$ cat coords.cif   # mmCIF, C-alpha atoms
data_structure
#
loop_
_atom_site.label_atom_id
_atom_site.label_comp_id
_atom_site.auth_asym_id
_atom_site.auth_seq_id
_atom_site.Cartn_x
_atom_site.Cartn_y
_atom_site.Cartn_z
CA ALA A 1 158.79 122.29 203.64
CA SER A 2 161.20 122.91 206.51
CA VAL A 3 164.31 121.34 204.98
CA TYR A 4 165.00 118.65 207.67
CA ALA A 5 161.64 117.14 206.54
CA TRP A 6 162.03 118.14 202.82
CA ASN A 7 159.04 117.42 200.48
CA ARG A 8 159.24 114.29 198.27
CA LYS A 9 156.99 113.36 195.30
CA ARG A 10 157.47 110.49 192.78
CA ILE A 11 157.54 111.76 189.19
CA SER A 12 156.79 108.93 186.71
CA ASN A 13 154.46 107.98 183.79
CA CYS A 14 154.72 111.54 182.33
CA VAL A 15 156.83 113.76 180.02
CA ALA A 16 158.86 116.35 181.96
CA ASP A 17 159.46 119.71 180.22
CA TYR A 18 162.76 121.10 181.53
CA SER A 19 162.76 123.92 178.92
CA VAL A 20 160.12 125.92 180.84
CA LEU A 21 162.35 125.44 183.93
CA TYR A 22 165.63 126.61 182.31
CA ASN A 23 163.50 129.44 180.77
CA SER A 24 162.10 130.36 184.26
CA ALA A 25 164.10 133.59 184.84
CA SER A 26 162.48 134.00 188.34
CA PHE A 27 164.83 131.19 189.52
CA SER A 28 167.54 132.94 191.58
CA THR A 29 169.36 129.57 191.23
CA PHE A 30 169.03 127.01 188.39
CA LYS A 31 171.93 124.51 188.07
CA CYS A 32 172.62 121.00 186.70
CA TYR A 33 175.29 118.41 187.50
CA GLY A 34 176.40 115.27 185.58
CA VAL A 35 174.33 116.67 182.58
CA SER A 36 173.57 119.93 180.69
CA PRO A 37 170.11 121.54 181.27
CA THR A 38 169.67 121.76 177.43
CA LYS A 39 170.08 117.95 177.07
CA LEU A 40 167.30 117.07 179.58
CA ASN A 41 164.42 117.29 177.04
CA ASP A 42 166.14 114.32 175.21
CA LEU A 43 166.83 112.14 178.32
CA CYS A 44 164.75 109.33 179.91
CA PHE A 45 164.63 107.81 183.45
CA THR A 46 162.57 105.26 185.46
CA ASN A 47 161.67 107.97 188.02
CA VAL A 48 162.43 111.53 189.12
CA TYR A 49 161.78 113.14 192.58
CA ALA A 50 160.89 116.77 193.47
CA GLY B 1 193.26 125.24 194.47
CA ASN B 2 195.79 125.70 191.67
CA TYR B 3 193.48 127.51 189.20
CA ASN B 4 195.91 127.78 186.21
CA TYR B 5 194.32 124.75 184.43
CA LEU B 6 190.85 125.15 182.85
CA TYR B 7 188.54 123.45 180.33
CA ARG B 8 185.82 124.71 177.96
CA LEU B 9 182.45 123.46 179.31
CA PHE B 10 180.44 123.81 176.06
CA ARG B 11 180.48 124.94 172.40
CA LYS B 12 177.84 125.15 169.60
CA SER B 13 179.85 122.46 167.73
CA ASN B 14 182.12 119.69 169.07
CA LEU B 15 185.76 119.32 167.91
CA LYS B 16 186.94 117.65 164.66
CA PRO B 17 190.31 115.70 164.73
CA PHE B 18 192.83 117.99 166.50
CA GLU B 19 190.52 121.00 165.96
CA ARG B 20 191.69 124.02 167.98
CA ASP B 21 189.67 127.02 169.22
CA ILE B 22 191.00 129.28 172.00
CA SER B 23 188.14 131.87 171.86
CA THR B 24 186.86 132.72 175.40
CA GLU B 25 183.69 134.57 174.20
CA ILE B 26 180.49 134.16 176.30
CA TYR B 27 178.74 130.87 175.43
CA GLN B 28 175.10 131.09 174.22
CA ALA B 29 172.68 128.54 175.76
CA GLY B 30 169.37 129.99 174.33
CA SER B 31 167.66 132.88 172.43
CA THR B 32 169.66 135.68 174.21
CA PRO B 33 172.47 137.35 172.14
CA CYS B 34 174.72 137.45 175.17
CA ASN B 35 176.63 140.79 174.93
CA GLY B 36 178.17 140.16 178.45
CA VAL B 37 175.15 138.35 180.10
CA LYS B 38 176.31 135.54 182.48
CA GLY B 39 174.50 132.84 184.55
CA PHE B 40 171.15 132.71 182.63
CA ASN B 41 170.79 131.86 178.87
CA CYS B 42 174.54 132.78 178.53
CA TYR B 43 177.80 131.80 180.34
CA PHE B 44 181.59 132.25 180.63
CA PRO B 45 182.92 129.12 178.78
CA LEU B 46 186.09 128.18 180.79
CA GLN B 47 185.91 126.26 184.10
CA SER B 48 189.00 125.75 186.31
CA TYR B 49 189.70 122.37 187.89
CA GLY B 50 191.33 124.43 190.73
#
$ encode --input "coords.cif" --output "structure tokens"
Amino acid sequence: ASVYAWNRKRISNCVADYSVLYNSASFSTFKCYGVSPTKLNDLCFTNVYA
Amino acid sequence: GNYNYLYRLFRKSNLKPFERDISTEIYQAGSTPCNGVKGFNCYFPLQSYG
């Protein structure tokens, strides 16, 4: 989307592989805050949003 | 910022009681033997509070 109206999607009821994302070398930017990207495949949350 | 004060972000093992390690070698986050690679799979370990 045009960023003033940024896309939102609820992520829930599913396992989220972050390893494919931190492995995705085509990302010109890939950054994490409050937590390490390597830790994410151990973590759990009620929801996530894209 | 006063940049003179910095902390190690990550290490392959966490400290034992008063363990000391001043090595600034590029941190390895994945399968890449770093050899000077920074920003993807490998990183500079010290971060300034600035």
$ closest_residue --input "coords.cif" --among "B:45, B:24, B:13, B:29" --to "chain A" --atoms "only C-alpha atoms"
B:29
$ resolve_selection --input "coords.cif" --expression "the PyMOL selection byres ((chain A) within 9 of (chain B))" --output "number ranges by chain"
A: 22-23, 25, 30, 38
$ residues_around --input "coords.cif" --residues "residue 16 of chain A" --least-positions-apart "4" --cutoff "12 Å" --atoms "all atoms listed in the file" --output "list in words"
residues 11, 12, 20, 21, 40, 41, 42, 43, 44, 45, 47, 48, 49 and 50 of chain A
$ closest_residue --input "coords.cif" --among "A:1, A:18, A:46, A:7" --to "residue 32 of chain A" --atoms "all atoms listed in the file"
A:18
$ atom_distance --input "coords.cif" --atom1 "atom CA of residue 33 of chain B" --atom2 "atom CA of residue 8 of chain B"
19.3 Å
$ atom_distance --input "coords.cif" --atom1 "atom CA of residue 50 of chain B" --atom2 "atom CA of residue 2 of chain B"
4.7 Å
$ residues_around --input "coords.cif" --residues "residue 35 of chain B" --least-positions-apart "4" --cutoff "10 Å" --atoms "all atoms listed in the file" --output "list in words"
residues 25, 26, 28 and 42 of chain B
$ atom_distance --input "coords.cif" --atom1 "atom CA of residue 33 of chain A" --atom2 "atom CA of residue 44 of chain B"
16.7 Å
$ resolve_selection --input "coords.cif" --expression "the PyMOL selection byres ((chain B and resi 6) around 8)" --output "ChimeraX atom specification"
/B:3-5,7-8,46-50
$ axis_aligned_box --input "coords.cif" --around "segment 35-48 of chain A" --padding-each-side "5 Å" --output "AutoDock Vina command-line options"
--center_x 168.0 --center_y 113.5 --center_z 182.2 --size_x 22.7 --size_y 26.5 --size_z 23.9
$ decode --input "coords.cif" --residues "segment 11-48 of chain A" --atoms "N, CA and C atoms" --output "PDB file, in the first residue's frame"
ATOM      1  N   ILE A  11      -2.424 -11.866  12.031  1.00  0.00           N
ATOM      2  CA  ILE A  11      -1.736 -13.152  12.052  1.00  0.00           C
ATOM      3  C   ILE A  11      -2.012 -13.790  13.415  1.00  0.00           C
ATOM      4  N   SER A  12      -2.558 -14.999  13.386  1.00  0.00           N
ATOM      5  CA  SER A  12      -3.048 -15.749  14.543  1.00  0.00           C
ATOM      6  C   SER A  12      -3.296 -17.207  14.137  1.00  0.00           C
ATOM      7  N   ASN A  13      -3.438 -18.102  15.113  1.00  0.00           N
ATOM      8  CA  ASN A  13      -3.792 -19.518  14.904  1.00  0.00           C
ATOM      9  C   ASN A  13      -2.807 -20.302  14.001  1.00  0.00           C
ATOM     10  N   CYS A  14      -1.543 -19.882  13.934  1.00  0.00           N
ATOM     11  CA  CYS A  14      -0.549 -20.416  13.006  1.00  0.00           C
ATOM     12  C   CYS A  14       0.863 -20.312  13.594  1.00  0.00           C
ATOM     13  N   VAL A  15       1.773 -21.194  13.179  1.00  0.00           N
ATOM     14  CA  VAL A  15       3.204 -21.036  13.486  1.00  0.00           C
ATOM     15  C   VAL A  15       3.842 -20.086  12.476  1.00  0.00           C
ATOM     16  N   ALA A  16       4.654 -19.147  12.948  1.00  0.00           N
ATOM     17  CA  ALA A  16       5.332 -18.165  12.112  1.00  0.00           C
ATOM     18  C   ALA A  16       6.824 -18.507  12.011  1.00  0.00           C
ATOM     19  N   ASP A  17       7.307 -18.951  10.848  1.00  0.00           N
ATOM     20  CA  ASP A  17       8.749 -19.106  10.669  1.00  0.00           C
ATOM     21  C   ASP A  17       9.407 -17.752  10.401  1.00  0.00           C
ATOM     22  N   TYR A  18      10.208 -17.278  11.343  1.00  0.00           N
ATOM     23  CA  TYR A  18      11.055 -16.112  11.149  1.00  0.00           C
ATOM     24  C   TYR A  18      12.411 -16.476  10.544  1.00  0.00           C
ATOM     25  N   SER A  19      12.827 -17.746  10.575  1.00  0.00           N
ATOM     26  CA  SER A  19      14.132 -18.137  10.048  1.00  0.00           C
ATOM     27  C   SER A  19      14.212 -17.892   8.552  1.00  0.00           C
ATOM     28  N   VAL A  20      13.202 -18.289   7.771  1.00  0.00           N
ATOM     29  CA  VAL A  20      13.146 -17.931   6.348  1.00  0.00           C
ATOM     30  C   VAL A  20      13.247 -16.417   6.129  1.00  0.00           C
ATOM     31  N   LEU A  21      12.704 -15.599   7.033  1.00  0.00           N
ATOM     32  CA  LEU A  21      12.772 -14.147   6.906  1.00  0.00           C
ATOM     33  C   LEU A  21      14.170 -13.617   7.221  1.00  0.00           C
ATOM     34  N   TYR A  22      14.800 -14.017   8.329  1.00  0.00           N
ATOM     35  CA  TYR A  22      16.181 -13.596   8.581  1.00  0.00           C
ATOM     36  C   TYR A  22      17.190 -14.238   7.611  1.00  0.00           C
ATOM     37  N   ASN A  23      16.829 -15.337   6.944  1.00  0.00           N
ATOM     38  CA  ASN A  23      17.572 -15.925   5.829  1.00  0.00           C
ATOM     39  C   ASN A  23      17.316 -15.225   4.478  1.00  0.00           C
ATOM     40  N   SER A  24      16.287 -14.383   4.356  1.00  0.00           N
ATOM     41  CA  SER A  24      15.882 -13.781   3.082  1.00  0.00           C
ATOM     42  C   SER A  24      16.801 -12.623   2.690  1.00  0.00           C
ATOM     43  N   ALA A  25      17.950 -12.960   2.103  1.00  0.00           N
ATOM     44  CA  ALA A  25      19.014 -12.029   1.724  1.00  0.00           C
ATOM     45  C   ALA A  25      18.572 -10.893   0.774  1.00  0.00           C
ATOM     46  N   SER A  26      17.471 -11.072   0.041  1.00  0.00           N
ATOM     47  CA  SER A  26      16.849 -10.027  -0.784  1.00  0.00           C
ATOM     48  C   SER A  26      16.297  -8.842   0.025  1.00  0.00           C
ATOM     49  N   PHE A  27      16.105  -8.982   1.341  1.00  0.00           N
ATOM     50  CA  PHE A  27      15.760  -7.860   2.207  1.00  0.00           C
ATOM     51  C   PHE A  27      16.920  -6.874   2.323  1.00  0.00           C
ATOM     52  N   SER A  28      16.768  -5.723   1.665  1.00  0.00           N
ATOM     53  CA  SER A  28      17.649  -4.557   1.807  1.00  0.00           C
ATOM     54  C   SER A  28      17.708  -4.056   3.256  1.00  0.00           C
ATOM     55  N   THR A  29      16.633  -4.275   4.013  1.00  0.00           N
ATOM     56  CA  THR A  29      16.530  -3.992   5.443  1.00  0.00           C
ATOM     57  C   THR A  29      15.852  -5.169   6.138  1.00  0.00           C
ATOM     58  N   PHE A  30      16.433  -5.669   7.221  1.00  0.00           N
ATOM     59  CA  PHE A  30      15.800  -6.640   8.115  1.00  0.00           C
ATOM     60  C   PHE A  30      16.347  -6.415   9.528  1.00  0.00           C
ATOM     61  N   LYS A  31      15.505  -5.925  10.439  1.00  0.00           N
ATOM     62  CA  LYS A  31      15.896  -5.395  11.753  1.00  0.00           C
ATOM     63  C   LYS A  31      14.897  -5.832  12.815  1.00  0.00           C
ATOM     64  N   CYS A  32      15.345  -6.038  14.049  1.00  0.00           N
ATOM     65  CA  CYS A  32      14.470  -6.313  15.190  1.00  0.00           C
ATOM     66  C   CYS A  32      14.858  -5.499  16.425  1.00  0.00           C
ATOM     67  N   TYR A  33      13.851  -5.214  17.239  1.00  0.00           N
ATOM     68  CA  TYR A  33      13.882  -4.276  18.350  1.00  0.00           C
ATOM     69  C   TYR A  33      13.141  -4.899  19.532  1.00  0.00           C
ATOM     70  N   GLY A  34      13.634  -4.684  20.750  1.00  0.00           N
ATOM     71  CA  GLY A  34      13.190  -5.394  21.957  1.00  0.00           C
ATOM     72  C   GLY A  34      13.617  -6.872  22.040  1.00  0.00           C
ATOM     73  N   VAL A  35      13.888  -7.535  20.909  1.00  0.00           N
ATOM     74  CA  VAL A  35      14.256  -8.961  20.805  1.00  0.00           C
ATOM     75  C   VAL A  35      15.222  -9.231  19.642  1.00  0.00           C
ATOM     76  N   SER A  36      16.030 -10.286  19.765  1.00  0.00           N
ATOM     77  CA  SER A  36      16.880 -10.798  18.679  1.00  0.00           C
ATOM     78  C   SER A  36      16.058 -11.530  17.610  1.00  0.00           C
ATOM     79  N   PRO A  37      16.381 -11.399  16.309  1.00  0.00           N
ATOM     80  CA  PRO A  37      15.733 -12.186  15.262  1.00  0.00           C
ATOM     81  C   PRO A  37      15.920 -13.700  15.439  1.00  0.00           C
ATOM     82  N   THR A  38      17.035 -14.154  16.020  1.00  0.00           N
ATOM     83  CA  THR A  38      17.294 -15.595  16.226  1.00  0.00           C
ATOM     84  C   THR A  38      16.386 -16.212  17.288  1.00  0.00           C
ATOM     85  N   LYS A  39      15.924 -15.406  18.249  1.00  0.00           N
ATOM     86  CA  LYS A  39      15.058 -15.847  19.347  1.00  0.00           C
ATOM     87  C   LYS A  39      13.605 -16.061  18.911  1.00  0.00           C
ATOM     88  N   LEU A  40      13.166 -15.424  17.827  1.00  0.00           N
ATOM     89  CA  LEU A  40      11.753 -15.366  17.433  1.00  0.00           C
ATOM     90  C   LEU A  40      11.108 -16.740  17.211  1.00  0.00           C
ATOM     91  N   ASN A  41      11.844 -17.712  16.660  1.00  0.00           N
ATOM     92  CA  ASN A  41      11.332 -19.074  16.486  1.00  0.00           C
ATOM     93  C   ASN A  41      11.118 -19.840  17.820  1.00  0.00           C
ATOM     94  N   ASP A  42      11.458 -19.262  18.979  1.00  0.00           N
ATOM     95  CA  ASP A  42      11.070 -19.765  20.308  1.00  0.00           C
ATOM     96  C   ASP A  42       9.874 -19.017  20.931  1.00  0.00           C
ATOM     97  N   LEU A  43       9.604 -17.777  20.516  1.00  0.00           N
ATOM     98  CA  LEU A  43       8.625 -16.903  21.172  1.00  0.00           C
ATOM     99  C   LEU A  43       7.172 -17.238  20.802  1.00  0.00           C
ATOM    100  N   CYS A  44       6.233 -16.745  21.612  1.00  0.00           N
ATOM    101  CA  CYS A  44       4.792 -16.890  21.407  1.00  0.00           C
ATOM    102  C   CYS A  44       4.033 -15.606  21.786  1.00  0.00           C
ATOM    103  N   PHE A  45       2.947 -15.323  21.068  1.00  0.00           N
ATOM    104  CA  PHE A  45       2.140 -14.105  21.162  1.00  0.00           C
ATOM    105  C   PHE A  45       0.671 -14.415  20.878  1.00  0.00           C
ATOM    106  N   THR A  46      -0.251 -13.602  21.386  1.00  0.00           N
ATOM    107  CA  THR A  46      -1.679 -13.719  21.061  1.00  0.00           C
ATOM    108  C   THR A  46      -1.890 -13.510  19.568  1.00  0.00           C
ATOM    109  N   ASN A  47      -1.337 -12.423  19.032  1.00  0.00           N
ATOM    110  CA  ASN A  47      -1.448 -11.982  17.648  1.00  0.00           C
ATOM    111  C   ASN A  47      -0.117 -11.417  17.145  1.00  0.00           C
ATOM    112  N   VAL A  48      -0.013 -11.297  15.829  1.00  0.00           N
ATOM    113  CA  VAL A  48       0.975 -10.474  15.128  1.00  0.00           C
ATOM    114  C   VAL A  48       0.249  -9.736  13.993  1.00  0.00           C
TER     115      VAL A  48
END
